Amino acid sequence: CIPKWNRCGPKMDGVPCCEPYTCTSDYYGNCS
């Protein structure tokens, strides 16, 4: 997974953010 306020992209990577967090992305966004 990904840290707090760090880039995400699940439709490409398939890696959600680190619990309790979640990716506010599709291709280019960030963990919150």
# chains A, B, ... in the order shown; residues from 1 in each chain; ligands from 1
>>> residues_around(residues="residue 12 in chain A", least_positions_apart="2", cutoff="12 Å", atoms="only C-alpha atoms", output="JSON list (two decimals) with N, CA and C atoms, in the first residue's frame")
[["chain", "number", "residue", "atom", "x", "y", "z"],
["A", 8, "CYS", "N", -1.47, 7.70, -5.86],
["A", 8, "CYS", "CA", -2.13, 6.43, -6.19],
["A", 8, "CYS", "C", -2.59, 6.38, -7.68],
["A", 9, "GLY", "N", -2.93, 5.17, -8.14],
["A", 9, "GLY", "CA", -3.50, 4.95, -9.47],
["A", 9, "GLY", "C", -4.02, 3.50, -9.62],
["A", 10, "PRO", "N", -5.21, 3.08, -9.09],
["A", 10, "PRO", "CA", -5.66, 1.66, -9.13],
["A", 10, "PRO", "C", -6.02, 0.97, -10.45],
["A", 14, "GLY", "N", -3.20, -1.13, -9.26],
["A", 14, "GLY", "CA", -4.06, -1.95, -8.40],
["A", 14, "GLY", "C", -3.55, -2.09, -6.95],
["A", 15, "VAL", "N", -3.25, -0.93, -6.33],
["A", 15, "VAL", "CA", -2.64, -0.86, -5.00],
["A", 15, "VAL", "C", -3.38, 0.25, -4.20],
["A", 16, "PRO", "N", -4.47, -0.06, -3.45],
["A", 16, "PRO", "CA", -5.12, 0.90, -2.53],
["A", 16, "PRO", "C", -4.17, 1.41, -1.42],
["A", 25, "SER", "N", -8.12, 8.14, -6.08],
["A", 25, "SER", "CA", -7.60, 8.08, -7.45],
["A", 25, "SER", "C", -8.40, 7.07, -8.33],
["A", 26, "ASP", "N", -8.05, 7.07, -9.62],
["A", 26, "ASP", "CA", -8.52, 6.10, -10.64],
["A", 26, "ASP", "C", -7.22, 5.76, -11.42],
["A", 27, "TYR", "N", -6.57, 6.78, -11.99],
["A", 27, "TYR", "CA", -5.27, 6.71, -12.65],
["A", 27, "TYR", "C", -4.17, 7.60, -12.00],
["A", 28, "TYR", "N", -4.52, 8.83, -11.58],
["A", 28, "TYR", "CA", -3.63, 9.85, -11.06],
["A", 28, "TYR", "C", -4.43, 10.60, -9.97],
["A", 29, "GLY", "N", -4.12, 10.29, -8.71],
["A", 29, "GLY", "CA", -4.75, 10.90, -7.54],
["A", 29, "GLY", "C", -3.80, 10.78, -6.35]]
>>> atom_distance(atom1="CA of residue 31 in chain A", atom2="CA of residue 11 in chain A")
14.5 Å
>>> residues_around(residues="residue 18 in chain A", least_positions_apart="3", cutoff="12 Å", atoms="only C-alpha atoms", output="short mmCIF file (atom, residue, chain, number, x, y, z; two decimals) with C-alpha atoms, in the first residue's frame")
data_model
loop_
_atom_site.label_atom_id
_atom_site.label_comp_id
_atom_site.auth_asym_id
_atom_site.auth_seq_id
_atom_site.Cartn_x
_atom_site.Cartn_y
_atom_site.Cartn_z
CA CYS A 1 0.00 0.00 0.00
CA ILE A 2 0.69 3.78 0.02
CA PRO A 3 1.44 6.37 2.97
CA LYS A 4 -0.67 9.55 3.87
CA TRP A 5 -0.80 12.24 1.10
CA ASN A 6 1.15 10.07 -1.44
CA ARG A 7 0.21 9.28 -5.05
CA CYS A 8 -2.13 6.43 -6.19
CA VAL A 15 -2.64 -0.86 -5.00
CA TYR A 21 -6.39 5.19 4.42
CA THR A 22 -7.86 4.93 0.91
CA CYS A 23 -6.81 6.01 -2.59
CA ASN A 30 -3.53 10.46 -3.93
CA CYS A 31 -4.07 8.58 -0.59
CA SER A 32 -6.34 10.14 2.06
#
>>> select_by_dssp(residues="chain A", states="strand (DSSP E)", output="list in words")
residues 7, 8, 29 and 30 of chain A
>>> write_last_selection(atoms="N, CA, C and O atoms", output="mmCIF file, in the first residue's frame")
data_model
loop_
_atom_site.group_PDB
_atom_site.id
_atom_site.type_symbol
_atom_site.label_atom_id
_atom_site.label_comp_id
_atom_site.auth_asym_id
_atom_site.auth_seq_id
_atom_site.Cartn_x
_atom_site.Cartn_y
_atom_site.Cartn_z
ATOM 1 N N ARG A 7 0.891 9.624 -3.797
ATOM 2 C CA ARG A 7 0.212 9.278 -5.054
ATOM 3 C C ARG A 7 -0.274 7.810 -5.241
ATOM 4 O O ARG A 7 0.431 6.859 -4.896
ATOM 5 N N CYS A 8 -1.472 7.700 -5.861
ATOM 6 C CA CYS A 8 -2.129 6.426 -6.191
ATOM 7 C C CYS A 8 -2.593 6.383 -7.678
ATOM 8 O O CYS A 8 -2.638 7.397 -8.386
ATOM 9 N N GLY A 29 -4.116 10.294 -8.710
ATOM 10 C CA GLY A 29 -4.752 10.901 -7.535
ATOM 11 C C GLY A 29 -3.805 10.779 -6.353
ATOM 12 O O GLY A 29 -2.590 10.908 -6.511
ATOM 13 N N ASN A 30 -4.363 10.601 -5.154
ATOM 14 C CA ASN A 30 -3.525 10.462 -3.928
ATOM 15 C C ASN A 30 -4.296 9.770 -2.771
ATOM 16 O O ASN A 30 -5.518 9.802 -2.687
#
